[PDB]
Amino acid sequence: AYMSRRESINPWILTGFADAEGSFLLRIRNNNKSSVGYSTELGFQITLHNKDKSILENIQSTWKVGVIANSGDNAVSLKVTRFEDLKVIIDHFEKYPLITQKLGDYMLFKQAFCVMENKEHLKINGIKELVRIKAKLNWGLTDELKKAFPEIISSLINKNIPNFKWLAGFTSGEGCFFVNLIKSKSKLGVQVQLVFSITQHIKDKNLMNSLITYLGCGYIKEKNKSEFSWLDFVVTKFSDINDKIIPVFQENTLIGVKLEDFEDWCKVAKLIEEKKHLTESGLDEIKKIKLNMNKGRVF
DNA sequence: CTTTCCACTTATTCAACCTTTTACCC
DNA sequence: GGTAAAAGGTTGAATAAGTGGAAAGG
Ligand SMILES: [Mg+2]
């Protein structure tokens, strides 16, 4: 395997994608063999379905770090935990910063990086500090870690969209270009509606709200699934999609298989611009485009 | 002793999917 | 009087996270 077979991508796109996908990791493993009885591993990771391996390669090729591996049969991962390589990641994020609640996680990661850069994690005081940091990262401590270090453990990130490149990267993870086919009392009996969405956890409500000001269109939907809730930024007005959404991503290129879902959705947009969705022949072409996009896509 | 990477797991958070109802164009 | 836009859900697997094992040189 080669570090840069695939092309690199734009660092703001990389950052948008990183706001939408991936997590920092701080492992603190019980370890017989370590002087202190624990060892650590620090890093950053992204796990995607096999379909979107090209993206991991894009990133690897941009940073020149990271390992790409199988992640079970269905998925692949990029993990950076080589310690000195984390300087490349730090250097990337200082210059092209994250803006979702994940920024907070990057702050934990930096702090843990400091402790390790000084080698404090090799002694009991440094392990204690990493425990306090890990306590706030992702899912926090295992029950077993809490017994070992029962010490007492220590606010929402509020940031603006930096530019459209960030937005192309973020959409490449969390966006959806959908062709909705409404059973309708129209002539053909089916209405074609283009839907754009970006799906996000509730914590990033402010970001989602500010997408409305940013794109000059769309609205927020609160959705739920019994115990769990999430948000959608949604655009359904056709003239907004054609004059606002489409040009943005024509100028700022999506990455991964979603690029192909996007061009397929634009093909339908040209058809609707021409009123062709209102004839049988055009409805059928759309039905065929939809059939083979998104979950229906083979290549 | 410690770093690094490789194999592999699991559950809920997303993307993606649908129907029905209301807005509004004409 | 007919097409567009929004309301109002559902669906399932990809992503969010994680775990053990161990090669390799320090
Ligand atoms: Mg995500």
Side-chain angles (χ1 to χ4, degrees), chain A residues 20-52 55 66-86 102 105 116 119 121-122 134 137-140 142 144 171-204 217-232 234-241 256-258 261 272 275 277-278 290 293-297:
Chain A
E21 313 299 341
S23 38
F24 296 89
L25 63 99
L26 210 198
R27 307 186 62 179
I28 303 190
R29 315 172 54 175
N30 180 50
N31 201 331
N32 289 118
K33 308 301 186 158
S34 288
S35 311
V36 92
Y38 297 81
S39 65
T40 69
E41 180 170 6
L42 180 72
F44 173 74
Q45 82 194 357
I46 306 171
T47 313
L48 300 181
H49 59 359
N50 298 332
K51 251 285 159 186
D52 265 343
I55 291 168
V67 179
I68 285 161
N70 278 150
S71 182
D73 307 322
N74 304 114
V76 283
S77 61
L78 170 79
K79 297 178 202 272
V80 195
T81 84
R82 179 173 294 267
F83 194 76
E84 287 299 301
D85 284 1
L86 306 180
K102 208 174 303 189
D105 300 336
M116 282 172 74
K119 309 292 179 192
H121 60 125
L122 299 185
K134 171 179 187 63
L137 181 67
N138 310 148
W139 295 346
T142 54
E144 287 97 303
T171 307
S172 294
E174 284 201 340
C176 177
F177 301 103
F178 180 69
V179 180
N180 188 33
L181 290 187
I182 290 126
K183 163 168 170 64
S184 136
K185 296 209 296 176
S186 63
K187 294 268 176 49
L188 301 176
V190 172
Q191 174 210 342
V192 178
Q193 165 189 259
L194 286 199
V195 188
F196 182 56
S197 62
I198 296 175
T199 302
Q200 189 47 317
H201 38 56
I202 299 183
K203 268 354 198 322
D204 270 307
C217 64
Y219 51 99
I220 302 308
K221 297 170 95 173
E222 179 190 346
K223 291 198 186 309
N224 85 319
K225 181 172 178 182
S226 91
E227 201 166 69
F228 310 107
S229 292
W230 68 98
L231 293 174
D232 280 285
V234 177
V235 180
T236 28
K237 185 165 177 178
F238 178 79
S239 58
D240 282 335
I241 284 176
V257 74
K258 201 187 271 351
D261 296 312
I272 296 164
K275 262 53 224 219
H277 56 311
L278 293 172
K290 178 193 163 53
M293 70 188 284
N294 296 337
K295 276 161 45 114
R297 177 171 307 289

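Only heavy atoms go into these numbers, but all of them, side chains included; no hydrogens, no water, no symmetry mates. A, B, ... follow the sequence lines: proteins, then strands. Residue 1 opens every chain.
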**Per-nucleotide protein contact string for nucleotides 8-16 of chain C (B base, S sugar-phosphate only, - none; heavy atom under 4.0 Å)** = BBBBB-SBS
Can you identify which nucleotide, out of [options], has its nearest atom closest to the [X] side chain?
X: A:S186; options: B:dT3, C:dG21, C:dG2; result: C:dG2
X: A:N294; options: B:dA15, B:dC14, B:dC17; result: B:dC17
X: A:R29; options: B:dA15, C:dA22, C:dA4; result: C:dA22
X: A:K79; options: B:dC14, B:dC8, B:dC5; result: B:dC8

**Asked** For B:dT2, does OP1 or OP2 lie under 4.0 Å from any side-chain N or O of A:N31?
**Response**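 For A:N31, the contact criterion (side-chain N or O under 4.0 Å from OP1 or OP2 of B:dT2) is not met.
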**Asked** Are OP1 or OP2 of B:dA16 and a side-chain N or O of A:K258 less than 4.0 angstrom apart?
**Response**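 Yes, because at least one side-chain N or O of A:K258 sits under 4.0 Å from OP1 or OP2 of B:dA16.
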For [X], which contact category applies under a 4.0 Å heavy-atom criterion: base, sugar-phosphate, or nothing?
X: A:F238; value: sugar-phosphate
X: A:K237; value: sugar-phosphate
X: A:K203; value: nothing
X: A:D73; value: nothing
X: A:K275; value: nothing
X: A:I198; value: nothing
X: A:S35; value: sugar-phosphate
X: A:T142; value: sugar-phosphate
X: A:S184; value: nothing

Quickly work out the [X] [atom1] to [N] [atom2] distance and round it to whole Å.
X: A:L181; N: C:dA5; atom1: CG; atom2: P; value: 15 Å
X: A:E41; N: C:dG21; atom1: CD; atom2: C1'; value: 12 Å
X: A:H121; N: B:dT2; atom1: NE2; atom2: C1'; value: 8 Å
X: A:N180; N: C:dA5; atom1: CG; atom2: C1'; value: 11 Å
X: A:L25; N: C:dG20; atom1: CG; atom2: P; value: 14 Å
X: A:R82; N: B:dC6; atom1: CZ; atom2: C1'; value: 14 Å
X: A:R27; N: C:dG21; atom1: CZ; atom2: P; value: 11 Å
X: A:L26; N: B:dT3; atom1: CG; atom2: P; value: 12 Å

**Request:** Might you work through the side chain to side chain contact (heavy atoms under 4.5 Å, CB included) test for A:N180 and A:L194, ending with a clear yes or no?
**Result:** CA-CA 6 Å; A:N180 188 33; A:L194 286 199; over 6 Å; no
**Item:** Upstream residue (5' side of DNA chain B) when A:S229 and A:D85 are each assigned their closest nucleotide
**Value:**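 Mapping each residue to its closest nucleotide by heavy atoms, the 5'-most match is A:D85.
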**Earlier contact from the 5' end, DNA chain B, for A:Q191 and A:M293** =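 Going by which nucleotide is closer to the 5' end, it is A:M293.
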**Prompt:** Would A:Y38 and A:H121 satisfy side chain to side chain contact (heavy atoms under 4.5 Å, CB included), going step by step from the backbone distance to the final call?
**Reply:** CA-CA 9 Å; A:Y38 297 81; A:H121 60 125; over 6 Å; no
**Message:** Run A:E174 and A:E21 through side chain to side chain contact (heavy atoms under 4.5 Å, CB included) and show every step you take.
**Reply:** CA-CA 8 Å; A:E174 284 201 340; A:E21 313 299 341; 4.0 Å; yes
**Message:** Is a donor from one side chain sitting under 3.5 angstrom from an acceptor on the other, for A:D232 and A:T199?
**Reply:**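 Distance-only check passes for A:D232 and A:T199.
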**Message:** For a side chain to side chain contact (heavy atoms under 4.5 Å, CB included) check, start with the C-alpha distance between A:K187 and A:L278, then their side-chain angles and the critical distance, and finish with the verdict.
**Reply:** CA-CA 8 Å; A:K187 294 268 176 49; A:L278 293 172; over 6 Å; no
**Request:** May I ask you to check whether over 12 heavy atoms, not counting those of A:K290, lie within 6.0 Å of atom NZ?
**Result:**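 Counting neighbours around NZ of A:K290, more than 12 heavy atoms of other residues, nucleotides or ligands fall under 6.0 Å, so yes.
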**Asked** Whom does C:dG26 pair with, Watson-Crick or G-U wobble, provided both distances fall under 3.5 Å?
**Response**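 Check on C:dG26: unpaired, no WC or wobble geometry under 3.5 Å.
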**Message:** Given 3.5 Å as the limit, does a donor-acceptor pair link the side chain of A:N294 with the main chain of A:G296, or not?
**Reply:**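 Here the side-chain-to-backbone pair does not exist.
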**Prompt:** Looking at A:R82, A:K79, A:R27, which hits salt bridge (charged side-chain N to carboxylate O under 4.0 Å, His left out) with A:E41?
**Reply:**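 One option only clears the test, and that one is A:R27.
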**Sole residue of A:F178, A:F238, A:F177 in ring pair (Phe, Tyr, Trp, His ring centres under 6.0 Å) with A:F196** =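 Of the listed options, the one satisfying the test is A:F177.
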**Request:** From the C1'-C2'-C3'-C4' angle alone, say whether B:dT22 leans north (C3'-endo side) or south (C2'-endo side).
**Result:**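 Because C1'-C2'-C3'-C4' is negative here, the pucker of B:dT22 counts as south.
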**Asked** Side-chain donor or acceptor of A:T236 under 3.5 Å from a matching atom on the base of C:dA5?
**Response**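 In this structure, the two groups form no donor-acceptor pair.
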